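We begin with a single chain expressed as structure tokens, specifically the form deposited without this ligand.
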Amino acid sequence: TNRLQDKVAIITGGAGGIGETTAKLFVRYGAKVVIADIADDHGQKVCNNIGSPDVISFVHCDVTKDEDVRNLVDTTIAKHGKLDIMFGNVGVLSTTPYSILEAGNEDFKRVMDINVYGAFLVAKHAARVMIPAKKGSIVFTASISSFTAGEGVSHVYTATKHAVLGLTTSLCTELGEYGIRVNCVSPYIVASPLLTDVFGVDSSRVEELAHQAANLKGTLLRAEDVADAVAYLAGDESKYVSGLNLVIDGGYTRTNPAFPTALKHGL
């Protein structure tokens, strides 16, 4: 609760769950945080009543617009004098069918632009103010889709999460010279909002589907667990951690259980 005492953090995304929860945690740990997103949050009680107005502020920002990200960073340096942490948490899903036969061309271009170019911009403007200080920790939200595939997970989304892992690795290698660390976090399904499926598109129901399919029983992956991983990478107790893909999946991707199972019941 002083783990991040007087550190200045920018969190993009913010009106989504992981961004909101990580902002709450960072404030609890003593940081000053600037929340950014285009949606201009849910209402007010997300960014402004995560913490009090002296520790948290909101900025409208479309991460695919260089002028918006430039303004986000420069506003923050104007307000707080420095930037210690950049948490790039913008990731969108495909709007078109899974199946290469139906997957959309414009949709491929839209998700690449948001998920990869937006991450590039956030990192570029974070590096612009961190490189002169020779201090910084940049964290990207990736996914287990940064190294695995999945039925129903679109080809664009797993190509863009592999690309965010690529930017983490590439930026880690350039920015280590200035003492800046670059890492990413790769979650399994995080509890809520709800998320669609024309079946039981209900958060409690997909949480029990996620637990049923999980390696690591007796717990559910939540936004607070992802926020904990981001606070570890963001602060000074990970000062020699860089280029790490911190997978938070309870071991889900350590196995494909298909053949043990199609041996057990599946006969």
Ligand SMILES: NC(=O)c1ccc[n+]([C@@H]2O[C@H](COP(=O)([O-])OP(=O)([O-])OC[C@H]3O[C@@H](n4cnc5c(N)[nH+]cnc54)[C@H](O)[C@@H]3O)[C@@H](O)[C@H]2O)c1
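We call the rigid core the largest set of C-alpha positions that still match within 1.5 Å between the two forms. A residue's number is simply how far along the shown sequence it sits, counting from 1.
One more form of this protein, deposited with this ligand bound, exists but is not displayed; see below.
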Is there a non-hydrogen atom of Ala191 within 4.5 angstroms of a non-hydrogen atom of this ligand in the deposited complex?
yes
In the deposited complex, is there a heavy atom of this ligand that lies within 4.5 Å of any heavy atom of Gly243, even though the partner is absent here?
no
Flag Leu171 as yes or no: does it have a non-hydrogen atom within 4.5 angstroms of any non-hydrogen atom of this ligand in the deposited complex?
no
May I ask you to state whether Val90 is within 4.5 Å of this ligand in the deposited complex, using heavy atom distances?
yes
Within 4.5 Å of this ligand in the deposited complex: all of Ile18, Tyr157 and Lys161, by heavy atom?
yes
So which of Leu233, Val34, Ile50, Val63 gets a non-hydrogen atom within 4.5 Å of this ligand in the deposited complex?
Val63
Taking 4.5 Å between heavy atoms as the contact cutoff, choose which of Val55, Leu220, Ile38, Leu209 touches this ligand in the deposited complex.
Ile38
So which of 138-146, 173-181, 77-85, 124-132 is the stretch with heavy atoms within 4.5 Å of this ligand in the deposited complex?
138-146
Quick one: with the rigid core lined up, which of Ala133, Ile77, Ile100, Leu195 moves its CA 2 Å or more between the shown form and the other one?
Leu195
Once the core is superposed between the shown form and the other one, does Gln212 show a C-alpha displacement of at least 2 Å?
no
Large Cα shift (2 Å or above) at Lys239 between the shown form and the other one, core-fitted
no
Just checking, between the shown form and the other one and with the core aligned, does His60 shift 2 Å or more at the CA?
no
Relative Cα spacing, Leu93 and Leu195, in the deposited complex - shift of 3 Å or more:
farther
Did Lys32 and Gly43 drift closer or farther in the deposited complex, going by a CA distance change of 3 angstroms or more?
closer
